[PDB]
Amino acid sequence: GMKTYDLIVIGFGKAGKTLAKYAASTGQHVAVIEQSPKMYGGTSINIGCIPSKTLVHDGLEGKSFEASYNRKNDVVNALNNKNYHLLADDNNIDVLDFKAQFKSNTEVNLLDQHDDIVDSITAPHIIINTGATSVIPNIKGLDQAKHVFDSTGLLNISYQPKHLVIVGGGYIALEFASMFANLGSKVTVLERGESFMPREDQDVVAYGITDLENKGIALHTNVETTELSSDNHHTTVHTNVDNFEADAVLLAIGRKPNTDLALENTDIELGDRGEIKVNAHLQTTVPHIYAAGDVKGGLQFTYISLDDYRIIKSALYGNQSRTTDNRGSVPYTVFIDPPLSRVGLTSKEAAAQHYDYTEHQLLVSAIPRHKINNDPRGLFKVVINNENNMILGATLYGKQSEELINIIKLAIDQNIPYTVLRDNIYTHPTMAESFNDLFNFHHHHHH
């Protein structure tokens, strides 16, 4: 309460740094509290999207593990520095190097590295933007096992593992599996559930599994992990299936909201999944405090955090019309090799909801651009509503899908019927022009 600001952002995350710079541009004095200098710019810059896809990219080029990890460090360092200065060099923004914890509903304590309160600050509005952290499972032996990593640890590993065992079969785990396979590591993936990528289209998943296994990746389902044991050299994952000996183990079973904020000092309520409860305007249960990004639950994407900035900007400075209920369709990409990109419904979901739908598909081996790419792998699939010819969903598994899926997102939001994408002129030779064939079909009516 000692030092007053117009706005406080807790965490140097995506929504937070974007909102802080906007507020400063209006003349408001902003405090951005960030607990680690290694996290300037947030998770995407330092321990997530950017380093991981740098390694994905360079591995597809056949670059070595060493060369790829070295260039990843240069990329992260450069973008960390440039993100830091974008905020800190602004006269209306103070980047405060402390761990934040609430003193009350109106006052935020600033803690040094020894967990001591050094100062306190206040502002009429407070934005919680503290992200998520890797879930640590309760597994016998984990607390003293060597050679065990979360995603952050693995992105900073000091050696190439000859054999990586991944505990977890979700999208991030599978990204790391393809990433390390393409860098020359043997990879084993252990999924507790009955299948990989449930909720994705099962025709597409079958090709994706084939393509993973053709890289020499071993995939296991129904795996119950009971214990970790380790040497100076190896770590064994003991399971109901088998004992898997590894040179490194990745724990990738989920990410939980980071709410270590002394919330007991506030009226801020948490939900059933540990997330900060927010309304459609991202207001917490304390009206002048908002929460943005992974910490408020739901989807964990950098662009959802960016959209949260749009919502909070709309609430605080705009016409309040933007909410979590009018984001538009949310696309995403699973960065296996090639990438699996998705927006909207699968044909299974369209049928379950009793849509009168038509599905159509196109193997990437039937797309002439695949010859130029020297890559025949993949499957493109679309689902359309016969009642109005609008697109209900698409799954693009294949090269360039992380770019192309944005065309289909735009079409869904703007009610562009599938016949327009069928008949359009596209550049050539490209992956985009495959839409002339992907959308070349007539109704198959379902009663």
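Start at 1 and count along the sequence shown; that's the residue number.
Using only C-alpha atoms and the B-factors in the entry, which stretch averages higher, 381 to 389 or 24 to 32? Higher mean C-alpha B-factor: 24 to 32.
Can you let me know which of the two, 236 to 244 or 103 to 111, has the higher average C-alpha B-factor in the entry? Result of the comparison: 103 to 111.
Considering only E194, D308, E175, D150, which residue's Cα atom bears the greatest B-factor as recorded? The record points to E194.
Taking the Cα B-factors listed in the entry, which of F180, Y332, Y317, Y303 comes out highest? Checking the PDB record, the top C-alpha B-factor among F180, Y332, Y317, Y303 is at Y317.
Name the third of the chain's ranked CA B-factors that contains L340, choosing lowest, middle or highest. Answer is lowest: the recorded C-alpha B-factor places it there.
Where does the C-alpha B-factor of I367 rank in its chain, lowest, middle or highest third? For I367, the deposited C-alpha B-factor lands in the lowest third.
Could you tell me which third, lowest, middle or highest, the C-alpha B-factor of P51 occupies within its chain? Lowest third.
Name the third of the chain's ranked CA B-factors that contains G59, choosing lowest, middle or highest. Middle third, going by the recorded CA B-factors of the chain.
Which third of the chain does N374 land in by C-alpha B-factor: lowest, middle or highest? Answer is lowest: the recorded C-alpha B-factor places it there.
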